[PDB]
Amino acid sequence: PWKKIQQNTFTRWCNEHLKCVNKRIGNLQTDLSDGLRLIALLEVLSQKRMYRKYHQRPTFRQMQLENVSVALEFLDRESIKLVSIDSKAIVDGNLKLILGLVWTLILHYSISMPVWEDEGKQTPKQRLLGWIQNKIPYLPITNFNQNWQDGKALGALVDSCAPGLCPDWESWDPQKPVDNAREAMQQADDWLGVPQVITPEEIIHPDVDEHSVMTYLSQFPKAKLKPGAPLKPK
């Protein structure tokens, strides 16, 4: 069951981007095969259009391979190195490899490229880990799994971005993981506008993979306080 968390998160992350161009993925293992959603997703992330024309209604496997080819040449031109990916992998629904592709895109567009203020030559994992640490310097943040399990750090992070959103996170009962996670995230979703690409039940699970957590947490650096945010002190 928990072995679907990365798939779930990666799927939500894609939909969050695909909605603006009115598209959505139902099944990650099969909905990027005709290459149309993959192309759409790339156009949104890079804000650039494809180098050549593609088939807007690929019924045949050939047209799908050609379609993914457009998406893959696009990545090749942007100098975005992919891991063990060919068109055949996407079109045939090789789950493990398309997930690798999504993480590659997530890593590139969400952590490597973006401009981040709040001051936070280093691996992407280090950059995000550095930004987060700077936000809550009173918690030893060294990883993207165990540090978030009790759900208190999530409250600490949200309140750090907008002091007053979760002011008494420190007094939160550590043995109520989901309630802490939900509270923190729902507030981040509401007033910091970060989508819950990973759910509170998943973020605290013992098996949660660092990638899923990084995908969700990679959304805080560019987050901004909304107007009318209910803030309460001590």
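From 1 onward, residues are counted along the sequence shown.
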- prompt: With respect to the deposited sequence, how many residues separating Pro163 from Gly164 are not represented by coordinates: none, 1 to 3, 4 to 9, or 10 or more?
  reply: none
- prompt: Averaged over C-alpha atoms, is the B-factor higher for 84-92 or for 141-149 in this PDB entry?
  reply: 84-92
field: Greater mean Cα temperature factor according to the PDB record, 50-58 or 189-197
entry: 50-58
query: Ranked by Cα temperature factor within the chain, is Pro114 in the lowest third, the middle third or the highest third?
result: middle
statement: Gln126: CA temperature factor from the record, placed by chain third, in the middle
message: Ranking every modelled residue in this chain by its Cα temperature factor as given in the entry, which third contains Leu217?
response: lowest
message: Going by the CA temperature factor in the PDB record, which third of the chain does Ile204 belong to: lowest, middle or highest?
response: middle
message: Looking at the temperature factor on the CA atom of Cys14, which third of the chain's modelled residues does it land in?
response: lowest
